[PDB]
Amino acid sequence: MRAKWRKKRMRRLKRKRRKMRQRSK
Amino acid sequence: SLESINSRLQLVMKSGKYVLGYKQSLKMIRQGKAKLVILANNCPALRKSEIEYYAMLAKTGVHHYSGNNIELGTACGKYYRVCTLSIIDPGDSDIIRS
Amino acid sequence: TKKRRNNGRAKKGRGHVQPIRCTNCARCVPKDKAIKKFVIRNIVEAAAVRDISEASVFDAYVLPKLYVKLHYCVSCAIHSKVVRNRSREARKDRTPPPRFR
Amino acid sequence: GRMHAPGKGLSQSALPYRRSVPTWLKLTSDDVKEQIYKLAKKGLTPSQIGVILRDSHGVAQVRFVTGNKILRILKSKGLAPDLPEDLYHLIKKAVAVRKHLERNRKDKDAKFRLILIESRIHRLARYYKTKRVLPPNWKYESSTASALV
Amino acid sequence: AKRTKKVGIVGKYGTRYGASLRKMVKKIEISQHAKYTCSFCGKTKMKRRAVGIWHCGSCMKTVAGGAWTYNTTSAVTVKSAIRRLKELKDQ
Amino acid sequence: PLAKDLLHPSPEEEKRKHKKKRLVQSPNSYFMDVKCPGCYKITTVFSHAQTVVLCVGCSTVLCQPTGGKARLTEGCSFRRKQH
Amino acid sequence: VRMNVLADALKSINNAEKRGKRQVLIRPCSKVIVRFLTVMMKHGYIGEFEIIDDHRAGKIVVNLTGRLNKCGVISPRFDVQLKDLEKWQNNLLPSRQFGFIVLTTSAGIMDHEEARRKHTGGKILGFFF
Amino acid sequence: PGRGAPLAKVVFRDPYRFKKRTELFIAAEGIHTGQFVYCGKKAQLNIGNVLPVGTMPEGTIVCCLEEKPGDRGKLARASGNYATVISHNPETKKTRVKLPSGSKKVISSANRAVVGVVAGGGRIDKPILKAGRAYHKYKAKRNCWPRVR
Amino acid sequence: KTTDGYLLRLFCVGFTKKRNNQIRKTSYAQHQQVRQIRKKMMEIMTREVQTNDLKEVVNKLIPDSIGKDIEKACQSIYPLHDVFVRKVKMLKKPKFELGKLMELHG
RNA sequence: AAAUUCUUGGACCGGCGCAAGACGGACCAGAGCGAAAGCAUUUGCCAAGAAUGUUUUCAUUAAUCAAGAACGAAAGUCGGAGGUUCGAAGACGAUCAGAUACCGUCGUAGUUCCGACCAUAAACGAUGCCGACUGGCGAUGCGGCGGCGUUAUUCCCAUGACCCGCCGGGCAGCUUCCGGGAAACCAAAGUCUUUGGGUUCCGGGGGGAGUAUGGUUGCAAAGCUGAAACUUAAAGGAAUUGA
RNA sequence: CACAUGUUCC
Ligand SMILES: [Zn+2]
Ligand SMILES: [Zn+2]
């Protein structure tokens with residue numbers, strides 16, 4: 001794992017948590 | 001040489017005698033006291049031709065100023081627009097010799 | 001660690017220089033970082049320079065040359081053996097190789 | 001070491017050691033002052049009287065010939081201007097940049113340059129507040145500064 | 001005090017028409033009722049009376065301009081371009 | 001080298017050093033007695049006068065502003081003075 | 001800019017002493033520096049100094065001997081009591097046989113032995129040995 | 001009413017009878033009341049001055065262009081629209097002129113057009129917000145607004 | 001444009017020359033010198049072309065008579081040596097009538 | 001290497017033109033300017049700027065700065081204009097065990113211009129800013145000073161182009177046992193156990209983790225601040241010898 | 001034009 005793509009994986013995972021938390025409210 | 005004229009105007013305001021406005025300056029041309037006329041470029045064309053005709057009879061030099069009346073008041077150190085300026089006494093300036 | 005004091009480029013006070021492409025590939029290389037070769041060469045070198053001369057209509061006609069300013073990248077120049085790696089003391093030498101042939 | 005530039009240049013005047021009047025100068029203190037009063041009457045900032053006097057009139061320094069300096073002589077007779085010369089030329093420069101910024105609002109370099117004079121104007125403004133040469137409530141206002149030349 | 005946070009003239013529209021439509025209207029809606037500096041008198045008395053006309057409250061002088069702004073960006077470029085070719089013809 | 005004569009610097013290198021960086025701060029400018037060929041009167045002119053100089057009666061110009069020393073008008077005799 | 005003046009003078013002659021210059025020039029002349037130089041001369045640590053008094057902050061040319069190891073400066077000028085003056089010289093001077101801490105008192109500027117004789121404290125200036 | 005382009009009343013002098021003739025022109029942007037608008041072949045090139053296309057230089061911005069010689073202007077006369085001169089042709093008296101649709105049309109050099117863009121430009125950038133603004137817009141023009149799919 | 005309707009776009013090139021006794025490798029010129037060179041370097045074309053028609057300026061292109069004058073006139077600014085006019089381009093011709101071509105063809 | 005692709009409906013190529021939109025080669029440099037990002041066709045306009053020169057003016061007006069503010073590569077977003085070339089996505093043809101990659105033909109967004117956001121880069125000299133001292137050597141940019149001389153305007157003074165030096169800083173380079181550092185190396189990374197010129201920011205083994213939560217900005221993407229539970233005896237830097 | 005990968009102790 002390159003340090004660049006694990007940051008990109010985090011942003012895709014963080015954005016996934018953004019949609020999941022938004023639909024509950 | 002435009003910046004030199006603003007320096008001449010500033011010098012006349014603090015020391016020499018001057019008349020602001022159109023109507024009050026038209027009397028001074030008629031009494032013959034004024035020697036130099038300053039006219040903004042945005043003055044009415046009828047008023048531009050009448051001032052030069054009044055000064056031609058009085059043998060008074062007219063200097064057509066570069067900009068409009070809004071900046072002409074700031075060049076005179078005032079806070080209002082001026083279209084016609086007549087210098088009664090330069091006092092300590094060389095504005096009439098240029 | 002630091003390999004080169006100038007980091008393999010001539011940029012000292014600029015901070016940013018315009019990039020140029022390469023000759024073999026289309027690699028975007030900075031102008032001061034690129035290995036720049038300027039070759040003065042004839043169109044024909046050894047064999048064709050002779051037979052065309054008597055075949056030329058105009059006697060004693062000098063053949064025009066060809067001027068190409070080459071721009072190689074680090075990978076391209078080394079693979080094409082334009083430049084090669086040197087020892088740590090031999091790196092600091094920047095004089096050109098001797099020119100006689 | 002300029003305070004708003006990365007330059008560290010060294011170029012300024014260097015007065016000679018002797019404070020005595022030059023031997024070629026025959027103009028007395030009052031004759032220099034009436035020459036100073038002549039230049040100040042026709043309109044001239046005290047920087048320029050010192051310039052042309054050493055060029056044509058041949059004086060070394062006004063402080064050595066007379067008892068006082070150029071601005072101090074004008075202050076005694078009341079011919080000094082309302083506000084000092086270094087603040088005046090900064091406000092004049094700030095007006096020209098702002099006037100240029102009215103037309104060329106894409107000039108981000110000129111936009112950055114504008115704050116530097118207003119930074120420099122305020123440093124001179126609060127310094128002159130402590131020296132009591134300006135009123136204590138004086139404040140450089142950008143819109144009404146165009147009235148001053 | 002400041003009555004609204006980030007809506008100005010488009011506060012009369014309420015929650016209708018959406019945020020983006022109210023946002024892009026705001027630039028035009030402000031400019032179509034703002035006053036501009038008279039080129040003849042100097043008094044800022046350029047008020048829009050109808051579509052494409054701009055009237056002076058001092059000189060009683062109507063100037064044909066843009067629909068929302070006093071001068072459109074295209075027309076200013078045309079005026080500079082026509083003047084440039086005017087002196088190019090007669091030299 | 002270690003030992004130097006900072007007590008009494010030599011004339012040759014004192015003029016070489018920068019005017020502020022001298023042991024005693026001394027200027028490189030001077031004054032001269034300019035006499036134009038058009039007239040007779042003697043005028044005192046700064047060496048870096050950086051301004052236009054005109055003769056008495058507006059006869060002829062004397063010095064032109066430059067980046068350094070003022071360029072004398074040709075044919076004007078000048079004699080450097082000191083005090 | 002130039003915040004402290006004595007600090008620049010002491011480090012300039014310390015750099016010359018490390019290189020071993022016969023004499024050294026310092027650009028500012030102050031009353032404190034002149035008093036500082038007179039403290040070291042009575043003990044013979046340096047060669048004889050002279051000042052060049054122009055119409056500005058003068059320049060001081062100090063002849064140097066080879067007897068100087070290091071002349072430091074303490075900034076800021078902490079006040080020194082008579083009780084902890086032994087504590088100051090314990091961690092600053094190399095030994096108790098030599099080394100001199102000079103500090104300004106109301107009686108004047110002198111080393112730490114003379115301040116003990118006059119029983120007067122003050123603010124510290126620097127150390128030299 | 002029903003037209004976004006403003007109209008200007010221009011009064012002429014009849015050269016054959018003692019009378020003043022008024023016209024209804026399409027106001028170019030920049031036209032003010034009390035301004036001499038010229039009309040003819042020997043006219044000068046400035047905004048609000050109609051003259052034949054064959055006399056114009058290259059790339060002249062025009063509006064109210066005639067598509068035939070003598071039909072009083074038909075092309076490029078909506079609000080904010082204009083036409084440009086592409087290329088002249090001295091023989092056959094023809095000139096290429098492009099239209100606001102982008103198509104390039106060869107037109108005769110005898111017909112004329114008024115120099116400038118039509119005033120009232122930029123009308124379509126403002127979004128209609130409610131049905132009322134669109135209802136009142138088409139009510140002045142014709143019964144064509146309520147569109148059933 | 002010439003006296004007749006031959007309107008031309010000319011092109012010239014200049015090159016600063018390293019002096020014979022010059023030791024300095026750079027041999028560059030100031031930006032204002034280039035602007036002072038090129039203002040003299042352009043007006044020479046307007047002097048040679050405007051005074052006559054194509055028959056003489058073409059006769060000036062067989063030698064470097066336009067480029068020789070450019071080289072010597074700008075010696076007081078910077079001694080440039082390698083001067084030629086590099087490109088002459090036709091832009092607009094007048095109506096072709098055959099009588100003009102005959103005196104150009106004998 | 002082939003194929004995808006065009007081609008007797010004439011492809012490719014040559015010549016004459018026309019139109020569109022990009023870009024500014026060689027000159028171009030361990031050169032110049034700019035706070036940085038960054039800046040390369042000619043000319044004109046506007047304002048600004050460093051350095052030099054100064055026996056010109058004021059007289060401490062100064063240095064670093066939290067809060068705050070301006071600018072801020074590319075990519076990305078929203079409105080228009082335009083879209084030549086290149087080209088994320090995608091389609092197709094090759095290669096391979098597979099390519100969803102590297103190769104080739106197209107090609108949306110984008111790359112181009114204007115008006116607003118966005119404030120992130122290996123945004124590097126991986127080296128905060130102001131002041132002083134500490135060896136030389138040859139260059140180079142600018143300005144100034146002096147001097148034999150060669151060469152232009154020609155009609156020489158003076159100005160240009162060279163040559164020989166000096167001065168200030170401007171980017172750098174070379175060199176050595178100053179000195180320092182773990183070493184690589186450094187005229188600063190020195191003037192430090194002989195430890196203090198001044199003033200900000202910032203780090204405390206490695207992960208978790210720039211994560212969760214809270215606050216704040218943004219149209220969005222995301223930007224700023226920012227843990228703990230738990231886990232681990234090493235991780236890491238320079239240098240030598242083998243492989 | 002392809003050459004992908006081979007548990008732990010000294
Ligand atoms: Zn390459
Ligand atoms: Zn009006």
# chains A, B, ... in the order shown; residues from 1 in each chain; ligands from 1
call {"tool": "residues_around", "arguments": {"residues": "range 53-65 of chain F", "least_positions_apart": "5", "cutoff": "10 Å", "atoms": "only C-alpha atoms (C1' of nucleotides)", "output": "JSON list (two decimals) with N, CA, C and O atoms, in the first residue's frame"}}
result
[["chain", "number", "residue", "atom", "x", "y", "z"],
["D", 52, "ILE", "N", 18.38, 71.48, -4.20],
["D", 52, "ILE", "CA", 18.80, 72.47, -5.19],
["D", 52, "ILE", "C", 19.74, 73.50, -4.58],
["D", 52, "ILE", "O", 20.50, 74.16, -5.30],
["D", 55, "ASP", "N", 23.16, 72.35, -5.07],
["D", 55, "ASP", "CA", 23.49, 72.25, -6.49],
["D", 55, "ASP", "C", 23.91, 73.61, -7.06],
["D", 55, "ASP", "O", 24.99, 73.74, -7.63],
["D", 56, "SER", "N", 23.05, 74.62, -6.91],
["D", 56, "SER", "CA", 23.32, 75.93, -7.47],
["D", 56, "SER", "C", 23.93, 76.90, -6.46],
["D", 56, "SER", "O", 24.86, 77.64, -6.80],
["F", 34, "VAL", "N", 32.72, 75.84, -11.55],
["F", 34, "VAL", "CA", 32.35, 75.74, -12.96],
["F", 34, "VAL", "C", 32.28, 77.13, -13.57],
["F", 34, "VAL", "O", 31.62, 78.03, -13.03],
["F", 35, "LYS", "N", 32.96, 77.31, -14.70],
["F", 35, "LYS", "CA", 32.90, 78.55, -15.47],
["F", 35, "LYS", "C", 32.53, 78.20, -16.91],
["F", 35, "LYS", "O", 33.31, 77.56, -17.62],
["F", 36, "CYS", "N", 31.34, 78.63, -17.33],
["F", 36, "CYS", "CA", 30.89, 78.37, -18.68],
["F", 36, "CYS", "C", 31.58, 79.32, -19.66],
["F", 36, "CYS", "O", 31.95, 80.44, -19.30],
["F", 37, "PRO", "N", 31.78, 78.89, -20.91],
["F", 37, "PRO", "CA", 32.37, 79.79, -21.91],
["F", 37, "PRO", "C", 31.43, 80.88, -22.38],
["F", 37, "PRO", "O", 31.91, 81.89, -22.93],
["F", 38, "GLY", "N", 30.12, 80.73, -22.19],
["F", 38, "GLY", "CA", 29.19, 81.76, -22.59],
["F", 38, "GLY", "C", 29.29, 83.02, -21.75],
["F", 38, "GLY", "O", 29.17, 84.13, -22.28],
["F", 39, "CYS", "N", 29.50, 82.88, -20.45],
["F", 39, "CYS", "CA", 29.56, 84.03, -19.55],
["F", 39, "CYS", "C", 30.84, 84.04, -18.73],
["F", 39, "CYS", "O", 31.76, 83.27, -19.00],
["F", 40, "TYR", "N", 30.90, 84.91, -17.72],
["F", 40, "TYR", "CA", 32.11, 85.13, -16.94],
["F", 40, "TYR", "C", 32.00, 84.67, -15.49],
["F", 40, "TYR", "O", 33.02, 84.35, -14.88],
["F", 41, "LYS", "N", 30.79, 84.64, -14.94],
["F", 41, "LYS", "CA", 30.59, 84.48, -13.51],
["F", 41, "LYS", "C", 30.92, 83.04, -13.09],
["F", 41, "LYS", "O", 30.74, 82.09, -13.85],
["F", 42, "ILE", "N", 31.39, 82.88, -11.85],
["F", 42, "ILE", "CA", 31.80, 81.60, -11.30],
["F", 42, "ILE", "C", 30.64, 81.04, -10.48],
["F", 42, "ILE", "O", 30.10, 81.73, -9.61],
["F", 43, "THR", "N", 30.27, 79.79, -10.76],
["F", 43, "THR", "CA", 29.19, 79.11, -10.06],
["F", 43, "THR", "C", 29.72, 77.89, -9.33],
["F", 43, "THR", "O", 30.67, 77.24, -9.78],
["F", 45, "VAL", "N", 28.93, 74.14, -8.11],
["F", 45, "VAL", "CA", 28.09, 73.03, -8.54],
["F", 45, "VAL", "C", 28.48, 71.79, -7.75],
["F", 45, "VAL", "O", 29.67, 71.52, -7.54],
["F", 46, "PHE", "N", 27.48, 71.04, -7.30],
["F", 46, "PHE", "CA", 27.72, 69.74, -6.68],
["F", 46, "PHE", "C", 28.16, 68.72, -7.72],
["F", 46, "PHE", "O", 27.73, 68.76, -8.88],
["F", 47, "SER", "N", 29.03, 67.80, -7.31],
["F", 47, "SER", "CA", 29.56, 66.80, -8.23],
["F", 47, "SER", "C", 28.50, 65.80, -8.66],
["F", 47, "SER", "O", 28.58, 65.26, -9.77],
["F", 48, "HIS", "N", 27.50, 65.54, -7.81],
["F", 48, "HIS", "CA", 26.40, 64.65, -8.15],
["F", 48, "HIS", "C", 25.10, 65.43, -8.09],
["F", 48, "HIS", "O", 24.11, 64.97, -7.51],
["F", 70, "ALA", "N", 27.39, 64.33, -12.20],
["F", 70, "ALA", "CA", 26.66, 65.14, -13.17],
["F", 70, "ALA", "C", 27.54, 65.44, -14.37],
["F", 70, "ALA", "O", 28.70, 65.82, -14.22],
["F", 71, "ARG", "N", 26.98, 65.26, -15.57],
["F", 71, "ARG", "CA", 27.73, 65.48, -16.80],
["F", 71, "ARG", "C", 27.87, 66.98, -17.05],
["F", 71, "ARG", "O", 26.87, 67.68, -17.25],
["F", 72, "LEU", "N", 29.11, 67.46, -17.04],
["F", 72, "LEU", "CA", 29.38, 68.87, -17.31],
["F", 72, "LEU", "C", 29.13, 69.20, -18.78],
["F", 72, "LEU", "O", 29.39, 68.38, -19.67],
["F", 73, "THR", "N", 28.63, 70.40, -19.02],
["F", 73, "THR", "CA", 28.54, 70.90, -20.39],
["F", 73, "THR", "C", 29.94, 71.12, -20.95],
["F", 73, "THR", "O", 30.83, 71.62, -20.26],
["F", 74, "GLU", "N", 30.13, 70.71, -22.20],
["F", 74, "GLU", "CA", 31.45, 70.70, -22.80],
["F", 74, "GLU", "C", 31.97, 72.11, -23.00],
["F", 74, "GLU", "O", 31.24, 73.02, -23.40],
["F", 75, "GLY", "N", 33.26, 72.30, -22.71],
["F", 75, "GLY", "CA", 33.87, 73.61, -22.77],
["F", 75, "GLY", "C", 33.75, 74.44, -21.51],
["F", 75, "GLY", "O", 34.20, 75.59, -21.50],
["F", 76, "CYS", "N", 33.15, 73.90, -20.45],
["F", 76, "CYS", "CA", 33.00, 74.61, -19.19],
["F", 76, "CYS", "C", 34.18, 74.27, -18.28],
["F", 76, "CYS", "O", 34.33, 73.12, -17.86]]
call {"tool": "residues_near_ligand", "arguments": {"ligand": "ligand 1", "cutoff": "8 Å", "atoms": "only C-alpha atoms (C1' of nucleotides) and all ligand atoms", "output": "PyMOL selection string"}}
result
chain C and resi 21-29+71-77
call {"tool": "atom_distance", "arguments": {"atom1": "CA of residue 27 in chain E", "atom2": "CA of residue 9 in chain E"}}
result
9.3 Å
call {"tool": "residues_near_ligand", "arguments": {"ligand": "ligand 2", "cutoff": "8 Å", "atoms": "only C-alpha atoms (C1' of nucleotides) and all ligand atoms", "output": "PyMOL selection string"}}
result
chain E and resi 38-46+56-61
call {"tool": "write_last_selection", "arguments": {"atoms": "N, CA and C atoms", "output": "short mmCIF file (atom, residue, chain, number, x, y, z; two decimals), in the first residue's frame"}}
result
data_model
loop_
_atom_site.label_atom_id
_atom_site.label_comp_id
_atom_site.auth_asym_id
_atom_site.auth_seq_id
_atom_site.Cartn_x
_atom_site.Cartn_y
_atom_site.Cartn_z
N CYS E 38 -23.29 59.22 -13.87
CA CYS E 38 -23.60 59.85 -15.15
C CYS E 38 -22.32 60.27 -15.86
N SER E 39 -22.23 59.91 -17.14
CA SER E 39 -21.10 60.33 -17.97
C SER E 39 -21.24 61.75 -18.49
N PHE E 40 -22.43 62.35 -18.36
CA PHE E 40 -22.67 63.70 -18.85
C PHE E 40 -22.62 64.73 -17.71
N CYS E 41 -23.31 64.45 -16.61
CA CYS E 41 -23.36 65.37 -15.49
C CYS E 41 -22.34 65.04 -14.41
N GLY E 42 -22.22 63.77 -14.04
CA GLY E 42 -21.37 63.34 -12.95
C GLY E 42 -22.13 62.94 -11.71
N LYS E 43 -23.38 63.39 -11.57
CA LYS E 43 -24.23 62.98 -10.46
C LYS E 43 -24.70 61.55 -10.68
N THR E 44 -24.55 60.69 -9.68
CA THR E 44 -24.98 59.30 -9.84
C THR E 44 -26.50 59.25 -9.86
N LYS E 45 -27.08 59.29 -11.06
CA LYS E 45 -28.54 59.32 -11.24
C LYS E 45 -28.93 58.44 -12.43
N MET E 46 -28.29 57.28 -12.56
CA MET E 46 -28.64 56.32 -13.60
C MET E 46 -29.59 55.28 -13.00
N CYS E 56 -31.36 59.67 -16.81
CA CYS E 56 -30.64 60.52 -15.88
C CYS E 56 -31.62 61.40 -15.11
N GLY E 57 -31.55 61.33 -13.78
CA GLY E 57 -32.45 62.11 -12.95
C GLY E 57 -32.08 63.57 -12.85
N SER E 58 -30.91 63.94 -13.37
CA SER E 58 -30.46 65.33 -13.35
C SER E 58 -30.57 65.98 -14.73
N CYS E 59 -30.02 65.32 -15.75
CA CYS E 59 -30.01 65.88 -17.10
C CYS E 59 -31.29 65.60 -17.88
N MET E 60 -32.22 64.82 -17.31
CA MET E 60 -33.45 64.40 -17.99
C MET E 60 -33.11 63.71 -19.31
N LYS E 61 -32.08 62.87 -19.28
CA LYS E 61 -31.43 62.34 -20.47
C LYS E 61 -31.46 60.82 -20.42
#
call {"tool": "select_by_dssp", "arguments": {"residues": "chain C", "states": "helix (DSSP H, G or I)", "output": "list in words"}}
result
residues 48, 49, 50, 51, 52, 53, 54, 55, 74, 75, 76, 77, 78, 79, 88, 89, 90 and 91 of chain C
call {"tool": "write_last_selection", "arguments": {"atoms": "N, CA and C atoms", "output": "short mmCIF file (atom, residue, chain, number, x, y, z; two decimals), in the first residue's frame"}}
result
data_model
loop_
_atom_site.label_atom_id
_atom_site.label_comp_id
_atom_site.auth_asym_id
_atom_site.auth_seq_id
_atom_site.Cartn_x
_atom_site.Cartn_y
_atom_site.Cartn_z
N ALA C 48 27.35 8.09 -49.06
CA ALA C 48 26.52 8.89 -49.96
C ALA C 48 27.09 10.28 -50.21
N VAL C 49 28.05 10.73 -49.39
CA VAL C 49 28.67 12.03 -49.62
C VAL C 49 29.55 12.01 -50.86
N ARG C 50 30.00 10.83 -51.30
CA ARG C 50 30.92 10.75 -52.42
C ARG C 50 30.18 10.70 -53.76
N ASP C 51 29.29 9.72 -53.93
CA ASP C 51 28.71 9.46 -55.24
C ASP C 51 27.78 10.57 -55.70
N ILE C 52 27.17 11.29 -54.75
CA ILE C 52 26.31 12.42 -55.12
C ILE C 52 27.15 13.56 -55.70
N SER C 53 28.42 13.66 -55.30
CA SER C 53 29.25 14.79 -55.72
C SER C 53 29.46 14.83 -57.23
N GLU C 54 29.79 13.69 -57.85
CA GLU C 54 29.88 13.69 -59.31
C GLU C 54 28.50 13.66 -59.94
N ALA C 55 27.49 13.20 -59.20
CA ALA C 55 26.11 13.25 -59.67
C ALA C 55 25.48 14.62 -59.50
N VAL C 74 16.07 11.62 -18.20
CA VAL C 74 17.07 10.87 -17.45
C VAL C 74 17.06 9.39 -17.84
N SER C 75 15.87 8.81 -17.96
CA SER C 75 15.77 7.41 -18.37
C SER C 75 16.17 7.22 -19.83
N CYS C 76 15.81 8.18 -20.69
CA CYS C 76 16.06 8.02 -22.12
C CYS C 76 17.54 8.17 -22.45
N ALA C 77 18.20 9.18 -21.86
CA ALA C 77 19.60 9.43 -22.17
C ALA C 77 20.50 8.29 -21.67
N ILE C 78 20.22 7.77 -20.48
CA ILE C 78 21.04 6.71 -19.92
C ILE C 78 20.84 5.41 -20.69
N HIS C 79 19.59 5.10 -21.06
CA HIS C 79 19.32 3.90 -21.84
C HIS C 79 19.94 4.00 -23.23
N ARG C 88 31.13 8.80 -6.80
CA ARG C 88 30.74 9.96 -6.00
C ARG C 88 31.70 11.13 -6.18
N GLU C 89 32.99 10.85 -6.38
CA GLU C 89 33.94 11.90 -6.70
C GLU C 89 33.91 12.28 -8.17
N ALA C 90 33.57 11.34 -9.05
CA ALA C 90 33.47 11.64 -10.48
C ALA C 90 32.19 12.37 -10.84
N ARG C 91 31.18 12.35 -9.97
CA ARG C 91 29.96 13.11 -10.23
C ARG C 91 30.22 14.61 -10.25
#
call {"tool": "select_by_dssp", "arguments": {"residues": "chain F", "states": "strand (DSSP E)", "output": "number ranges by chain"}}
result
F: 31-34, 43-46, 53-54, 61-64, 71-72, 80-81
call {"tool": "residues_around", "arguments": {"residues": "residue 120 in chain D", "least_positions_apart": "4", "cutoff": "10 Å", "atoms": "only C-alpha atoms (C1' of nucleotides)", "output": "ChimeraX atom specification"}}
result
/D:3-4,87,90-91,115-116,124-125
call {"tool": "interface_residues", "arguments": {"of": "chain D", "to": "chain G", "cutoff": "10 Å", "atoms": "only C-alpha atoms", "output": "JSON, numbers by chain"}}
result
{"D": [1, 15, 16, 17, 18, 19]}
call {"tool": "decode", "arguments": {"residues": "range 68-117 of chain J", "atoms": "C-alpha atoms (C1' of nucleotides)", "output": "PDB file, in the first residue's frame"}}
result
ATOM      1  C1'   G J  68      -7.011  39.046  11.881  1.00  0.00           C
ATOM      2  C1'   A J  69      -6.177  39.978   6.552  1.00  0.00           C
ATOM      3  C1'   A J  70      -4.124  39.765   1.020  1.00  0.00           C
ATOM      4  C1'   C J  71      -2.044  36.530  -2.687  1.00  0.00           C
ATOM      5  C1'   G J  72      -1.728  31.548  -3.425  1.00  0.00           C
ATOM      6  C1'   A J  73       0.798  25.676  -8.865  1.00  0.00           C
ATOM      7  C1'   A J  74      -2.134  21.920 -10.802  1.00  0.00           C
ATOM      8  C1'   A J  75      -6.561  19.240 -10.124  1.00  0.00           C
ATOM      9  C1'   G J  76     -11.922  20.094  -8.773  1.00  0.00           C
ATOM     10  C1'   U J  77     -17.060  23.230  -8.639  1.00  0.00           C
ATOM     11  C1'   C J  78     -20.797  26.919 -10.451  1.00  0.00           C
ATOM     12  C1'   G J  79     -22.484  30.466 -14.733  1.00  0.00           C
ATOM     13  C1'   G J  80     -21.324  31.977 -19.912  1.00  0.00           C
ATOM     14  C1'   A J  81     -17.896  31.904 -24.648  1.00  0.00           C
ATOM     15  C1'   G J  82     -15.105  28.492 -27.459  1.00  0.00           C
ATOM     16  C1'   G J  83     -13.552  23.832 -28.161  1.00  0.00           C
ATOM     17  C1'   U J  84      -7.246  23.088 -32.722  1.00  0.00           C
ATOM     18  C1'   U J  85      -4.141  19.660 -30.219  1.00  0.00           C
ATOM     19  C1'   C J  86      -3.587  16.616 -25.993  1.00  0.00           C
ATOM     20  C1'   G J  87      -6.472  13.877 -22.919  1.00  0.00           C
ATOM     21  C1'   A J  88      -9.088  11.295 -16.811  1.00  0.00           C
ATOM     22  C1'   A J  89     -13.972   8.141 -17.857  1.00  0.00           C
ATOM     23  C1'   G J  90     -15.588   4.934 -21.667  1.00  0.00           C
ATOM     24  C1'   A J  91     -15.420   1.956 -26.428  1.00  0.00           C
ATOM     25  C1'   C J  92     -12.265  -0.989 -29.633  1.00  0.00           C
ATOM     26  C1'   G J  93      -7.682  -3.701 -31.389  1.00  0.00           C
ATOM     27  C1'   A J  94      -2.962  -6.139 -29.391  1.00  0.00           C
ATOM     28  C1'   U J  95       0.082  -8.757 -24.962  1.00  0.00           C
ATOM     29  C1'   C J  96      -0.500 -12.079 -20.961  1.00  0.00           C
ATOM     30  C1'   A J  97      -2.817 -17.494 -17.385  1.00  0.00           C
ATOM     31  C1'   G J  98      -5.964 -12.808 -16.690  1.00  0.00           C
ATOM     32  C1'   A J  99      -5.212  -6.305 -18.187  1.00  0.00           C
ATOM     33  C1'   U J 100     -10.311  -4.476 -15.957  1.00  0.00           C
ATOM     34  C1'   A J 101      -2.445  -1.735 -16.967  1.00  0.00           C
ATOM     35  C1'   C J 102       1.886  -0.688 -19.678  1.00  0.00           C
ATOM     36  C1'   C J 103       1.190  -0.449 -26.479  1.00  0.00           C
ATOM     37  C1'   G J 104      -1.986   1.399 -30.512  1.00  0.00           C
ATOM     38  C1'   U J 105      -7.190   4.105 -32.801  1.00  0.00           C
ATOM     39  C1'   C J 106     -10.981   7.133 -31.176  1.00  0.00           C
ATOM     40  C1'   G J 107     -12.620  10.013 -27.320  1.00  0.00           C
ATOM     41  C1'   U J 108     -16.668  12.812 -22.575  1.00  0.00           C
ATOM     42  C1'   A J 109     -15.195  15.866 -18.569  1.00  0.00           C
ATOM     43  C1'   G J 110     -11.077  18.755 -18.588  1.00  0.00           C
ATOM     44  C1'   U J 111      -7.060  21.203 -21.063  1.00  0.00           C
ATOM     45  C1'   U J 112      -8.379  27.701 -23.948  1.00  0.00           C
ATOM     46  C1'   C J 113     -10.835  32.995 -22.452  1.00  0.00           C
ATOM     47  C1'   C J 114     -14.166  35.966 -18.698  1.00  0.00           C
ATOM     48  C1'   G J 115     -16.793  36.289 -13.595  1.00  0.00           C
ATOM     49  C1'   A J 116     -17.029  33.822  -8.854  1.00  0.00           C
ATOM     50  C1'   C J 117     -15.600  29.650  -5.236  1.00  0.00           C
TER      51        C J 117
END
